[PDB]
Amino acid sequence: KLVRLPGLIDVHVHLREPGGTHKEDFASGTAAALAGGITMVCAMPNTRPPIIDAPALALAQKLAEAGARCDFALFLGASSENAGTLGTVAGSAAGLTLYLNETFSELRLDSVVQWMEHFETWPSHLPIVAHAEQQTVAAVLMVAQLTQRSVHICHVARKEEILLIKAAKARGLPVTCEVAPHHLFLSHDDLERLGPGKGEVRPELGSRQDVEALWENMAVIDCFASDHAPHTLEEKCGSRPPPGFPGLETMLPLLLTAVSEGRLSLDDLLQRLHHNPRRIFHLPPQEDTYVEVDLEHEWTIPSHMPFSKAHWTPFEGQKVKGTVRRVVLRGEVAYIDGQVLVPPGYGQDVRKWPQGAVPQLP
């Protein structure tokens, strides 16, 4: 007996197109999404060129419309030069992404004053997400308060960070957060097996105490999101390993295993992969869209999942219980038992749907 779930949403993926298409492209990354039970993705802007201006967004929209197999929204990225320039295209984006720790020079902000300028100029009704680790979480929360608006914290990975967010929520501050599967299911204990190249990720893998703290503080976690960050094995094991793990194809199987073990409920999962993503990012429903899963099937994660061009996975060898059997997207069978059945281009930009515009005062 299969369980029917709504179409799940991953608010944090890197699809690499334009500019890094040997790692992933819209077609392969959205195939990976569908195979993971995900029918809508929000794509981060740290491509090449990065999505930091209107021409780059226009290019990315057309590449996604031509290549995506599931529905999507595209983030814009904050730079040291673009505050106050994104007003005409802001509402067409998923939101604005601030890279506040390590990143590429084009997305680097050199001063908290630049963070303030983005919070002051980006339209107040539209989402802002931050890559903000350790004390940077507190710092960006301060900027949000000074500018009297909300912020969403990407991939919370540490006891320190979840407890700080917990204290902020206790004070009624408008902050939400997401956690990635590797910060719930991997830890420092896995670095010996992974090795130092494969194991590179930002935020880095936490201690056993970090992992336990995230589980203990599930109530503080608004969303799960993969931070699907594909790189090839050659890149991960070469002389300058880039940080990141692929994760679209493994996220739901890992979390269904946890549900089966009573670590969280099916509802807890659907709040974090469906309802809260919808409400934080003002993402529209998808008509005639659902995912059928088998919660009984036990399997072991192999050395690579079928679709991501990363062609490796840090979860290799983990035993899971839970499988995606079928996905229907807007009335068409999109995935069945390992076969993707919608072509590149089937997916659409949800911000162009009337119901996908973010409501605002005139």
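One rule holds for the numbers: they count along the sequence shown, beginning at 1.
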property	result
Of 329 to 337 and 38 to 46, the one with larger mean CA B-factor	329 to 337
Mean temperature factor over C-alpha atoms, higher-scoring stretch between 145 to 153 and 83 to 91	83 to 91
Member of 249, 190, 204, 133 with the greatest C-alpha B factor (per the PDB record)	190
Out of 209, 271, 217, 176, highest CA B-factor residue	209
Where the record places residue 117 (Cα B-factor, split into thirds across the chain)	middle
Residue 290 - which third its CA temperature factor falls in, relative to the rest of the chain	middle
Assigned third (lowest, middle, highest) for the C-alpha B factor of residue 99	lowest
Entry-reported Cα temperature factor of residue 107, expressed as the chain third it lands in	highest
Chain thirds of CA B-factor: placement of residue 357	highest
